[PDB]
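Here the structure comes first, spelled out in structure tokens, and everything after it is commentary.
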Amino acid sequence: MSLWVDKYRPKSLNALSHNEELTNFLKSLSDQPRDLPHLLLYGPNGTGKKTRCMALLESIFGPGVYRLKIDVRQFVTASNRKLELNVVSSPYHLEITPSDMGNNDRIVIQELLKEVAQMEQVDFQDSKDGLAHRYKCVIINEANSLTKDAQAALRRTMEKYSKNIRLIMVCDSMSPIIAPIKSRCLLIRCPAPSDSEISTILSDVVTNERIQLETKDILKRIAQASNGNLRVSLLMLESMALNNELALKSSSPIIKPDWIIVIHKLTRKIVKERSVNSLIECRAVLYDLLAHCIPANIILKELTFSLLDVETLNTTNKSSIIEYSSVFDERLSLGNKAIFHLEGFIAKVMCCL
Amino acid sequence: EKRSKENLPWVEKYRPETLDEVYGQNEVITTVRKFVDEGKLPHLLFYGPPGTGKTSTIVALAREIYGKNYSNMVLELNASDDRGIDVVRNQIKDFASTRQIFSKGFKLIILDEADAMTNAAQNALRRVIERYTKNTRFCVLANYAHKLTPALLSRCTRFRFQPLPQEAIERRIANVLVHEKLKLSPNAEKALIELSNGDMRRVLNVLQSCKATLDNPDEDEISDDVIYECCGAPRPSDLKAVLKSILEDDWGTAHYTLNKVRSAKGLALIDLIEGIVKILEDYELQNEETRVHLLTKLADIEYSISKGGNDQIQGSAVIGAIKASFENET
Amino acid sequence: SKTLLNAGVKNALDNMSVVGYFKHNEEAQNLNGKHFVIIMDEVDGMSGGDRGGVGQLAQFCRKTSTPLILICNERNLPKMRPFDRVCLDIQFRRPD
Amino acid sequence: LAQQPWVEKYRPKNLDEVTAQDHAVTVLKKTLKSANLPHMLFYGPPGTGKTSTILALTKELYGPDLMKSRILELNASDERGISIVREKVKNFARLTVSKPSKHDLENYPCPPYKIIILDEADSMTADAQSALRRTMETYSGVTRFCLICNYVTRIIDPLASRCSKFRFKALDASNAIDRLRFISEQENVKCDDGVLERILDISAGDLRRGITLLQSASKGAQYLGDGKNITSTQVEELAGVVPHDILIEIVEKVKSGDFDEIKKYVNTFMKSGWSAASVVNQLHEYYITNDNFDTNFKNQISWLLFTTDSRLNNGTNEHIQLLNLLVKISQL
Amino acid sequence: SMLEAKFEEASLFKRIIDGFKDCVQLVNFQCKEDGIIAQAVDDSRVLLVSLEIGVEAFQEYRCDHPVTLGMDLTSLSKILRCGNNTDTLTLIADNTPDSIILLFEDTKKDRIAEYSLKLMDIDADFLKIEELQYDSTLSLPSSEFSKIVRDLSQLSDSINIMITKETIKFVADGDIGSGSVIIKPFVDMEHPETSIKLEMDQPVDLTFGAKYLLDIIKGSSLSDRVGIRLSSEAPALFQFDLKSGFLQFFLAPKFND
Amino acid sequence: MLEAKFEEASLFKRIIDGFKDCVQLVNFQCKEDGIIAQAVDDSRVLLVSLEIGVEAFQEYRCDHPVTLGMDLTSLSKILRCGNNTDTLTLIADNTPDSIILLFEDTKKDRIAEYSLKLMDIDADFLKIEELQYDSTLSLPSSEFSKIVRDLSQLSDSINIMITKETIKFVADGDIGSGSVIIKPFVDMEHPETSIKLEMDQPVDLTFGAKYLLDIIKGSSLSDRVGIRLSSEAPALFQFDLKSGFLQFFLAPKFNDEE
DNA sequence: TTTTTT
DNA sequence: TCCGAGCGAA
DNA sequence: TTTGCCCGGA
Ligand SMILES: Nc1ncnc2c1ncn2[C@@H]1O[C@H](COP(=O)(O)OP(=O)(O)OP(O)(O)=S)[C@@H](O)[C@H]1O
Ligand SMILES: Nc1ncnc2c1ncn2[C@@H]1O[C@H](COP(=O)(O)OP(=O)(O)OP(O)(O)=S)[C@@H](O)[C@H]1O
Ligand SMILES: Nc1nc2c(ncn2[C@@H]2O[C@H](COP(=O)(O)OP(=O)(O)O)[C@@H](O)[C@H]2O)c(=O)[nH]1
Ligand SMILES: [Mg+2]
Ligand SMILES: [Mg+2]
């Protein structure tokens with residue numbers, strides 16, 4: 001679409017522009033795709049995993065994979081409650097995010113996916129006999145968000161119907177993927193681009209958009225502030241250009257998102273005042289962040305690594321902080337009410353300082 | 001059933017048919033048999049661990065009371081049946097308050113696996129049990145008393161089925177050997193009894209597997225080697241070798257020894273942990289802190305193993321736990 | 001329930017009482033004898049057997065042409081909120 | 001042939017094709033003659049041959065034509081609540097066994113019972129498992145149950161007692177190299193000496209993973225189109241193993257002990273996407289088999305690695321857990 | 001096949017099955033050369049149904065050797081519904097069978113519909129439960145018994161039958177009150193079907209659960225008269241006569257509290 | 001510009017109800033020849049095709065072809081609002097954002113006007129080439145529908161097999177199996193009830209029961225149904241109209257065993 | 001959707 | 001167009 | 001000492 005992060009997204013394996021060895025591996029997979037195993041792409045956020053999944057699908061099935069439409073599918077729970085799932089589809093593949101339905105994601109696996117596996121499909125645009133002569137492809141986004149029951153429901157579908165269906169699962173971490181599912185997948189590591197690769201991409205955008213640029217070093221700064229997140233770097237470039245009248249300067253500052261600013265303020269507060277009253281104000285800040293769709297795990301990660309950057313703390317404080325972060329990150333994984341665990345972490349940190 | 005009883009698993013082929021074939025529960029059997037003899041049958045509760053003879057005993061009692069046609073004269077319900085409040089109020093209450101169809105006599109209701117019933121159904125049962133006592137008697141069977149309400153427990157005469165002692169298992173094994181034309185060495189019998197934890201089902205299943213594992217069961221003899229082979233379990237010698245290496249050798253040699261012993265027969269780590277815990281329980285330790293550290297760390301490792309994890313890291317954890325705990329022994 | 005309330009007591013909100021009429025028919029100048037005081041006791045006891053009842057009672061408290069007295073034990077309960085602005089609240093405390 | 005991923009293409013067809021589970025396969029093979037198959041509980045780690053074994057056994061027992069009428073397979077993809085167990089499973093267990101044809105009776109043992117396979121039974125609720133208990137016993141005459149699981153502690157004790165236990169062992173270079181080499185030869189994959197054993201070492205007990213790794217390596221070699229051998233470095237790259245140089249860098253940063261340096265190095269390291277579990281495994285191997293560290297250090301680090309691996313098993317943030325582990329090692 | 005039994009019209013068998021469907025779930029049919037007998041017992045084990053169909057109910061019948069077919073009544077009724085009341089219905093079974101074949105064939109066309117219902121391994125004896133000399137034997141039209149039962153069931157969950165010399169008394173006592181119907185024997189040579197017959201040696205007084213009687217009266221669709229046999233120590237027998245055989249309900253009385 | 005008046009609105013209502021459960025949004029390509037529509041279902045296991053002819057309409061004219069994208073739910077609601085006895089008229093202009101529906105009754109007193117907003121549906125082009133099917137059969141729709149309803153009660157899948165003078169519908173399930181065997185039969189006195197079969201190769205295929213249940217709803221349109229089956233094609237179910245037809249291309253279930 | 005009391 | 005039931009489901 | 005969203009219905 002119109003935003004630069006979308007306008008210039010590559011549409012084929014030939015148009016990819018970072019991590020050349022991974023590109024070669026993907027081309028090798030797409031060379032003879034009839035016995036392609038199920039795939040699991042993993043790597044840090046915003047590096048190009050979905051871009052590469054779409055490029056691989058294009059290499060296998062042609063450009064038609066980018067002609068997408070959305071459709072609403074209905075389901076009913078045992079309690080008779082109605083649920084809807086948005087499904088993205090091309091003529092050659094489906095894309096689902098079962099975690100959209102929360103703990104009911106299992107239903108999506110047990111009914112929708114299974115059905116796709118058991119049926120043949122018609123095709124009156126590529127097949128001479130009206131039937132599609134190819135396996136069906138299903139992309140499962142945010143696969144590490146599936147509950148253990150849904151992941152279990154995948155196991156035998158992947159084996160029994162391998163003739164008719166192939167799965168591509170995408171995740172930012174494999175830690176929550178159960179061992180049987182990883183056993184069934186070809187695991188593809190997708191590393192972040194280097195800062196030079198990011199600078200080259202950003203420079204290409206700067207040229208195609210006629211943005212005035214005092215020095216190339218600016219791009220490097222952006223590349224460094226994005227910590228390998230290419231989506232973040234492209235969006236930051238656009239925002240900086242918009243705020244500097246499409247003319248970036250060496251003095252032009254890096255724009256941080258609102259939630260990051262709030263979290264940094266919270267870090268300064270925790271460091272300055274360790275007391276019960278301060279903890280109550282912190283609870284208010286945490287509720288504000290959570291209510292506006294900042295996930296608890298993101299808050300914990302950002303707060304931990306903001307604290308560890310504070311110059312005034314000593315090694316003992318920092319080691320205590322990282323231990324507490326580990327403990328309460330596990331707590332967040334095992335529990336429901338996030339504010340409880342975030343408050344516990346902040347309280348222990350205040351005690352340690 | 002289909003074809004002969006020789007097609008059945010040994011755990012079902014050797015199910016007791018009469019009270020005289022129930023072993024290792026003599027006090028209970030005597031009491032209940034004389035209850036029947038004198039015509040004084042109270043409401044019964046059979047409480048005990050798996051495979052100790054509860055269902056066998058109650059079915060044998062019904063067979064003795066009512067003869068061969070018992071199955072049409074009792075109401076038997078278990079966890080495979082719905083037993084909600086509605087079932088209690090309709091099916092159970094109707095059977096309790098009505099005469100027999102086939103032969104005159106009192107009614108028997110058997111609630112097997114009663115720990116599977118909800119609190120509301122159990123409470124509905126209270127006055128059904130009390131009101132129709134003149135003509136009906138209830139028998140409740142359970143592995144877990146805590147899911148039974150205090151009011152239901154009060155109304156039943158309790159009988160605890162013990163883990164089967166050594167002598168009873170030995171006699172049952174002798175019967176099985178005679179019937180199967182099997183031979184069993186003394187050490188093999190000791191190993192079998194040790195691994196069964198007083199559960200007859202385990203004994204019979206292992207024995208059937210051992211017979212299947214022989215080349216010629218007519219001449220071949222089941223030795224402890226066969227038992228360990230079919231169970232995929234560590235020999236006592238392996239356990240002692242591993243423990244000695246952990247307690248007396250350097251880290252490289254202990255790691256090597258654990259890995260080599262495990263690789264020898266593809267032993268599981270949890271089995272080694274169980275065996276070593278059993279061995280260490282008999283140790284005399286100067287410091288209580290040694291026992292504390294050993295137990296807590298090994299329980300943590302067992303719990304982590306139950307969820308999967310990295311086997312190599314868990315083995316190293318076991319080695320380190322034992323060494324660090326015995327450091328306290330000075 | 002809303003159905004029973006609408007089919008029953010509703011018709012008495014603006015109706016004379018036949019019992020009241022015939023009790024004090026002989027009595028001269030008895031103005032109140034023919035009118036109702038509607039007492040709805042134990043409002044806090046209206047469970048699932050009275051779906052829609054509390055809202056309908058609040059409606060009546062706004063649209064009644066005869067005096068209505070409601071009684072409850074737990075005034076601060078959430079389900080008693082609809083009555084807030086439409087009733088004259090009289091608190092009874094523990095006597096000494 | 002050319003349409004199957006290799007894991008499904010080379011699934012064992014009969015009991016003699018299962019490679020390293022003789023202790024259990026022998027017992028099962030004897031029932032082709034004894035015809036008194038017990039209730040079975042297969043348990044073990046992923047990709048060791050449990051599902052393959054039960055399928056091959058049913059084929060050997062009933063032949064291709066009569067199998068379908070003699071089997072009820074229910075797995076984690078199917079609804080298996082207490083109502084299902086009390087109605088569908090019970091009803092199937094109650095039925096008379098399908099009549100075998102004369103040809104079937106000539107060519108197969110045809111035992112007088114049917115089989116219910118509850119694959120992935122450790123995902124069933126405790127109450128549904130309880131509902132199975134008396135169904136298993138009352139209808140043993142005409143039905144035998146096979147429960148399959150990875151976590152045996154998830155099966156309630158009464159059911160474990162009813163079942164005959166078969167533990168499937170981990171598959172490693174010692175006991176699965178023959179099968180892997182057979183597959184490699186069938187597919188014409190050229191490898192240096194050591195490569196197949198390295199694959200099985202990396203797989204860490206899982207033959208499905210080893211076969212998939214072999215297929216990925218052969219795809220790479222065919223795409224390269226140079227006729228060279230697959231190397232161990234290539235296999236390790238495909239398997240997401242951290243290069244030895246990177247691991248040495250981590251070890252030296254830990255040795256230095258400067259918190260900020262470790263933090264910055266870990267932040268850079270995470271950008272490569274290395275799986276934290278593989279990193280922890282490699283650190284365990286490096287430290288526990290190192291003659292330069294003494295007994296107290298190794299005791300402490302063994303507990304540290306155990307704790308971090310356990311926390312990672314719960315689905316935690318890999319960056320946080322890895323940094324905590326490295327800081328703690330550095331302060332030993 | 002070994003067993004072949006053809007109903008001229010499937011409606012006969014459907015009505016017979018519907019005559020006792022609501023009381024029991026699992027039914028065991030034994031087919032022999034002289035016809036088909038069946039038994040079933042209700043879930044609470046308080047009611048037993050016994051059916052007899054003779055060879056005369058069938059257009060054609062053949063049973064080379066005795067055979068036992070156990071099945072669930074809901075599945076059987078579901079299948080019976082899939083066929084048309086007008087088609088000819090042939091029950092077919094083979095030796096040592098795993099299923100029963102229901103073959104719906106209409107002569108007008110060449111359309112065959114063959115259903116196979118898998119059978120259960122229901123091993124249970126029938127015991128031929130019937131006491132020799134019942135205390136009281138009575139018979140009356142089915143509509144009147146249905147009416148009495150339906151009226152008295154609105155009052156109580158239990159109904160008492162008292163037989164004394166030349167009098168039959170139904171009684172029900174409940175929360176809102178009680179009801180009592182007394183009938184006397186009577187022969188009407190103009191309309192024998194309305195007759196009420198009563199023979200009795202010992203007077204009887206027995207109580208029964210109302211819901212069971214409400215199920216039992218559903219047999220009235222299969223016969224104009226119902227026979228009732230009662231004894232102090234035995235289940236009560238309610239018999240409805242078919243053109244060829246019979247439908248019997250054996251209902252155990254309540255324990256005298 | 002474009003106007004199409006039907007002899008009776010009941011025909012149009014029945015046609016719409018025929019395939020409204022399978023698909024909801026559809027484009028009608030009104031042309032001088034007639035109305036032609038083609039839709040794929042969301043799961044892509046089913047294609048519905050409509051070829052209402054000019055003779056079907058009482059009167060019809062549309063000089064320049066026009067594509068009208070509409071949702072079938074709103075059209076069904078509007079048709080329900082109409083009376084049984086009416087001459088439904090569809091009216092549209094050169095560039096219509098909506099279509100006008102006139103329910104002109106026989107009595108001039110009753111006149112009703114409705115407006116249905118159109119839609120812009122991105123529908124691609126489908127090339128449905130004629131194929132030499134392995135077998136063709138024709139039979140009454142009441143019989144086929146009754147077979148489907150009876151067999152669906154036994155299983156989730158129904159198998160259709162054709163061999164030499166034998167058409168077999170089978171369903172296997174938990175409680176058992178059901179099978180119907182029809183044979184080629186001709187009745188001169190009542191030709192409409194005949195069963196016709198052209199057999200080139202033996203065929204066996206399996207279909208989801210829910211899909212056949214959806215399909216049989218078109219039985220009202222035509223007293224007879226044609227079924228064409230091939231080993232590699234979708235199964236073709238045709239209900240003939242006065243001059244057009246309602247057509248269903250159904251994909252079979254994936255044969256895991258073979 | 002609800003564990004226990006003395 | 002206005003109103004808040006009943007549930008915590010991000 | 002009782003929140004926020006906002007049902008089904010008018
Ligand atoms: N005391 C016993 N004497 C002889 N055989 C026994 C005995 N206990 C168990 N068994 C054997 O193990 C099998 C199971 O016995 P059961 O009586 O059904 O066990 P249980 O006590 O009911 O176990 P739970 O509580 O249902 S897990 C029997 O068929 C016998 O073969
Ligand atoms: N013992 C084995 N012998 C031969 N191949 C095996 C063996 N074990 C695993 N495999 C191979 O890996 C694939 C998976 O085997 P499975 O039997 O499905 O493993 P599994 O034990 O059922 O794994 P889980 O518990 O579902 S993760 C097989 O198709 C084989 O190709
Ligand atoms: N020029 C160029 N841009 C890329 C490449 N890979 C990713 N991007 C850009 O980075 C954006 C984020 O990529 P994405 O696949 O959504 O990240 P992920 O799925 O979270 O890993 C995309 O919208 C693209 O614009 C690449 O190889 N070349
Ligand atoms: Mg028992
Ligand atoms: Mg498996």
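Going through the structure tokens in order, the chains are called A, B, and so on, while each chain numbers its residues from 1 and the ligands are numbered from 1 in the order shown.
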
Practice item. Check the DSSP output for the backbone and give back, as a PyMOL selection string, the residues of range 73-115 of chain F in strand (DSSP E). Key: chain F and resi 87-92+98-104+111-115

Exercise for review: Just need the residues of chain D within 8 Å of chain B, counting only C-alpha atoms, so spit them out as a PyMOL selection string.
Suggested key: chain D and resi 23-24+26-27+30-31+34-39+85-86+112-113+127+130-135+137+139-142+151-153+157-158+161-167+169-170+281+284+288-291+295-296+298-300+302-303+305-306+309-310+313

List as a compact mmCIF listing (two decimals) with N, CA and C atoms, in the first residue's frame the protein and nucleic acid residues lying within 10 Å of ligand 5, with only C-alpha atoms (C1' of nucleotides) and all ligand atoms counted.
```txt
# COMPACT_ATOMS: atom_id res chain seq x y z
N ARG A 155 -0.98 -32.74 15.07
CA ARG A 155 0.06 -33.75 14.89
C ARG A 155 -0.31 -34.78 13.83
N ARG A 156 -1.46 -35.43 13.97
CA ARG A 156 -1.79 -36.52 13.06
C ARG A 156 -2.32 -36.00 11.73
N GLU A 159 0.57 -35.80 9.37
CA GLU A 159 1.11 -37.06 8.87
C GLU A 159 0.14 -37.78 7.94
N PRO A 180 6.76 -32.49 19.71
CA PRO A 180 6.26 -33.26 18.56
C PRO A 180 6.03 -32.43 17.30
N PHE D 42 1.90 -47.82 24.72
CA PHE D 42 3.16 -47.40 24.12
C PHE D 42 3.52 -46.03 24.66
N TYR D 43 4.72 -45.88 25.20
CA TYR D 43 5.14 -44.55 25.61
C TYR D 43 6.61 -44.32 25.27
N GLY D 44 6.91 -43.08 24.90
CA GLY D 44 8.28 -42.70 24.65
C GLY D 44 8.43 -41.36 23.95
N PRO D 45 9.68 -40.93 23.76
CA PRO D 45 9.93 -39.59 23.22
C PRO D 45 9.59 -39.51 21.74
N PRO D 46 9.57 -38.30 21.19
CA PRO D 46 9.07 -38.11 19.81
C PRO D 46 9.87 -38.87 18.77
N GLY D 47 9.16 -39.31 17.73
CA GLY D 47 9.79 -39.89 16.55
C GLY D 47 10.58 -41.16 16.81
N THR D 48 10.07 -42.04 17.68
CA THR D 48 10.75 -43.29 18.00
C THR D 48 10.06 -44.52 17.43
N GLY D 49 8.84 -44.41 16.92
CA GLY D 49 8.21 -45.50 16.18
C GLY D 49 6.93 -46.06 16.75
N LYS D 50 6.26 -45.31 17.63
CA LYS D 50 5.07 -45.83 18.30
C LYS D 50 3.89 -45.96 17.34
N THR D 51 3.53 -44.86 16.67
CA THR D 51 2.42 -44.90 15.71
C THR D 51 2.72 -45.88 14.59
N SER D 52 3.95 -45.86 14.08
CA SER D 52 4.34 -46.80 13.04
C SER D 52 4.14 -48.23 13.50
N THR D 53 4.53 -48.53 14.74
CA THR D 53 4.43 -49.90 15.24
C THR D 53 2.97 -50.34 15.33
N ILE D 54 2.09 -49.51 15.89
CA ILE D 54 0.70 -49.96 16.02
C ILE D 54 0.06 -50.16 14.65
N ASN D 75 -7.46 -39.78 17.83
CA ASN D 75 -6.22 -39.09 18.18
C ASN D 75 -6.57 -37.67 18.63
N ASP D 119 -4.37 -42.78 20.09
CA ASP D 119 -3.09 -42.12 19.90
C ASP D 119 -3.11 -40.77 20.60
N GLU D 120 -1.95 -40.37 21.13
CA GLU D 120 -1.83 -39.12 21.88
C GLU D 120 -2.80 -39.10 23.06
N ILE D 148 -1.26 -44.54 23.29
CA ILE D 148 0.07 -44.09 22.88
C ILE D 148 0.32 -42.70 23.46
N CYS D 149 1.50 -42.49 24.04
CA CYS D 149 1.80 -41.21 24.67
C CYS D 149 3.29 -40.92 24.69
N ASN D 150 3.60 -39.63 24.85
CA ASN D 150 4.96 -39.17 25.11
C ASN D 150 5.24 -38.99 26.59
```

Practice item. Would you please work out which residue, of A:330, A:258, A:323, A:100, is nearest to chain H when using only C-alpha atoms (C1' of nucleotides)? Key: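 Of A:330, A:258, A:323, A:100, the one nearest chain H is A:100, counting only C-alpha atoms (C1' of nucleotides).
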
Practice item. Among the residues of range 179-233 of chain F, find those DSSP assigns to helix (DSSP H, G or I) from the backbone and print them as a ChimeraX atom specification. Key: /F:191-193,209-220

Check your understanding: Could you write out as a PyMOL selection string the residues of chain E within 8 Å of chain F, counting only C-alpha atoms?
Key -> chain E and resi 75+82+110-118

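Considering the residues C:10, C:79, C:63, C:2 and counting only C-alpha atoms (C1' of nucleotides), residue 6 in chain H has its shortest atom-to-atom contact with C:79.
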
Review point. Nearest to ligand 1: which of B:130, B:248, B:37, B:170 is it, counting only C-alpha atoms and all ligand atoms?
Key: B:170

Please extract the residues at most 8 Å from ligand 3, counting only C-alpha atoms (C1' of nucleotides) and all ligand atoms, and provide them as an mmCIF file with C-alpha atoms, in the first residue's frame, using the chain letters and residue numbers of this document.
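And here's out_29.cif as it stands now:
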```
data_model
loop_
_atom_site.group_PDB
_atom_site.id
_atom_site.type_symbol
_atom_site.label_atom_id
_atom_site.label_comp_id
_atom_site.auth_asym_id
_atom_site.auth_seq_id
_atom_site.Cartn_x
_atom_site.Cartn_y
_atom_site.Cartn_z
ATOM 1 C CA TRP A 4 6.856 2.884 2.225
ATOM 2 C CA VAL A 5 7.213 -0.260 4.344
ATOM 3 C CA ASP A 6 4.471 -1.743 2.124
ATOM 4 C CA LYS A 7 5.016 0.024 -1.210
ATOM 5 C CA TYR A 8 8.473 -1.514 -1.721
ATOM 6 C CA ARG A 9 8.047 -4.962 -0.120
ATOM 7 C CA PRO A 10 9.629 -7.574 -2.450
ATOM 8 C CA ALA A 15 13.839 -9.381 -5.251
ATOM 9 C CA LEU A 16 14.998 -10.300 -1.731
ATOM 10 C CA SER A 17 17.947 -8.178 -0.643
ATOM 11 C CA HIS A 18 19.378 -9.476 2.650
ATOM 12 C CA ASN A 19 20.653 -12.835 3.955
ATOM 13 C CA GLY A 43 13.598 -15.589 13.814
ATOM 14 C CA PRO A 44 13.342 -12.107 15.337
ATOM 15 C CA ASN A 45 10.370 -9.858 14.654
ATOM 16 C CA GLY A 46 10.218 -7.710 11.542
ATOM 17 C CA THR A 47 13.109 -9.296 9.633
ATOM 18 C CA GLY A 48 11.180 -10.592 6.605
ATOM 19 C CA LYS A 49 9.794 -14.012 7.538
ATOM 20 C CA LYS A 50 6.337 -13.502 6.012
ATOM 21 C CA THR A 51 7.894 -11.755 3.009
ATOM 22 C CA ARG A 52 9.978 -14.887 2.442
ATOM 23 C CA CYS A 53 7.045 -17.256 2.987
ATOM 24 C CA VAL A 170 5.764 -18.783 11.199
ATOM 25 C CA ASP A 172 9.257 -15.363 16.394
ATOM 26 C CA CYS A 190 15.643 -16.367 9.531
ATOM 27 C CA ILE A 201 17.291 -0.817 1.702
ATOM 28 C CA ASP A 204 16.835 2.671 -2.089
ATOM 29 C CA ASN A 229 13.896 -4.749 12.972
ATOM 30 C CA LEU A 230 13.569 -3.801 9.302
ATOM 31 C CA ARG A 231 9.852 -2.979 9.546
ATOM 32 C CA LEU A 234 11.335 1.671 7.367
#
```

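CA of residue 298 in chain B sits 16.0 Å away from CA of residue 328 in chain B.
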
Quick check: residues of chain E within 6 Å of chain B, only C-alpha atoms, returned as a CSV table (one decimal) with N, CA, C and O atoms, in the first residue's frame.
```csv
chain,number,residue,atom,x,y,z
E,44,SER,N,-33.3,-49.3,34.6
E,44,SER,CA,-33.4,-49.5,36.0
E,44,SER,C,-33.6,-51.0,36.4
E,44,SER,O,-33.7,-51.3,37.6
E,235,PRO,N,-43.5,-60.6,39.3
E,235,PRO,CA,-43.9,-59.4,38.6
E,235,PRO,C,-45.2,-59.5,37.9
E,235,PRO,O,-45.6,-60.6,37.5
E,252,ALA,N,-42.1,-55.2,37.9
E,252,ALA,CA,-42.0,-55.5,39.3
E,252,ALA,C,-42.7,-54.4,40.2
E,252,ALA,O,-42.7,-53.2,39.9
E,253,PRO,N,-43.5,-54.9,41.2
E,253,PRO,CA,-44.2,-53.9,42.1
E,253,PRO,C,-43.2,-53.3,43.1
E,253,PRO,O,-42.2,-53.8,43.4
E,254,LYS,N,-43.7,-52.2,43.6
E,254,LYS,CA,-42.9,-51.5,44.6
E,254,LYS,C,-42.8,-52.3,45.9
E,254,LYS,O,-43.7,-53.1,46.2
E,255,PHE,N,-41.7,-52.1,46.6
E,255,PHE,CA,-41.6,-52.7,47.9
E,255,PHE,C,-42.5,-52.1,48.9
E,255,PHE,O,-42.7,-50.9,49.0
```

Review point. Near residue 3 in chain H, within 12 Å and counting only C-alpha atoms (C1' of nucleotides), which residues show up once chain neighbours fewer than 6 positions away are dropped, as a VMD selection string?
Key: (chain C and resid 55 82) or (chain I and resid 6 to 10)

With N, CA and C atoms (P, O5', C5', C4', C3', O3' and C1' of nucleotides) retained, write the just-selected residues as a tab-separated table (two decimals), in the first residue's frame.
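Saved as part29.tsv:
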```
chain	number	residue	atom	x	y	z
C	55	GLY	N	-36.01	-4.48	36.54
C	55	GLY	CA	-36.20	-3.37	35.61
C	55	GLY	C	-37.66	-2.96	35.49
C	82	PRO	N	-30.90	0.03	39.57
C	82	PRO	CA	-31.93	0.75	38.80
C	82	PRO	C	-32.86	1.59	39.65
I	6	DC	P	-18.27	-1.94	23.87
I	6	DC	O5'	-19.81	-2.21	24.23
I	6	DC	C5'	-20.21	-3.44	24.81
I	6	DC	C4'	-21.65	-3.37	25.29
I	6	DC	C3'	-22.64	-2.80	24.26
I	6	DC	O3'	-23.77	-3.62	24.15
I	6	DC	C1'	-22.87	-1.68	26.32
I	7	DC	P	-24.00	-4.48	22.81
I	7	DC	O5'	-25.06	-5.59	23.23
I	7	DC	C5'	-24.64	-6.73	23.96
I	7	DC	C4'	-25.81	-7.41	24.63
I	7	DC	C3'	-27.04	-7.60	23.73
I	7	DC	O3'	-27.46	-8.97	23.73
I	7	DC	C1'	-27.66	-6.60	25.79
I	8	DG	P	-28.23	-9.58	22.46
I	8	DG	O5'	-29.76	-9.20	22.72
I	8	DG	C5'	-30.48	-9.81	23.78
I	8	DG	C4'	-31.78	-9.08	24.06
I	8	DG	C3'	-32.72	-8.95	22.86
I	8	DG	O3'	-34.03	-9.36	23.22
I	8	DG	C1'	-32.25	-6.79	23.79
I	9	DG	P	-35.23	-9.29	22.15
I	9	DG	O5'	-35.95	-7.91	22.49
I	9	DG	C5'	-36.30	-7.60	23.83
I	9	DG	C4'	-36.50	-6.11	24.01
I	9	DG	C3'	-37.54	-5.49	23.08
I	9	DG	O3'	-38.73	-5.17	23.79
I	9	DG	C1'	-35.56	-4.13	23.29
I	10	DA	P	-40.11	-4.91	23.01
I	10	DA	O5'	-40.22	-3.32	22.94
I	10	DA	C5'	-40.37	-2.57	24.14
I	10	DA	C4'	-40.08	-1.09	23.90
I	10	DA	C3'	-40.74	-0.50	22.67
I	10	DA	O3'	-42.07	-0.07	22.95
I	10	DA	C1'	-38.46	0.24	22.88
```

Check your understanding: Quick one: residues within 10 Å of residue 69 in chain C, only C-alpha atoms (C1' of nucleotides) counted, chain neighbours fewer than 6 positions away excluded, as a PyMOL selection string?
Key -> chain C and resi 37-41+61+87-88
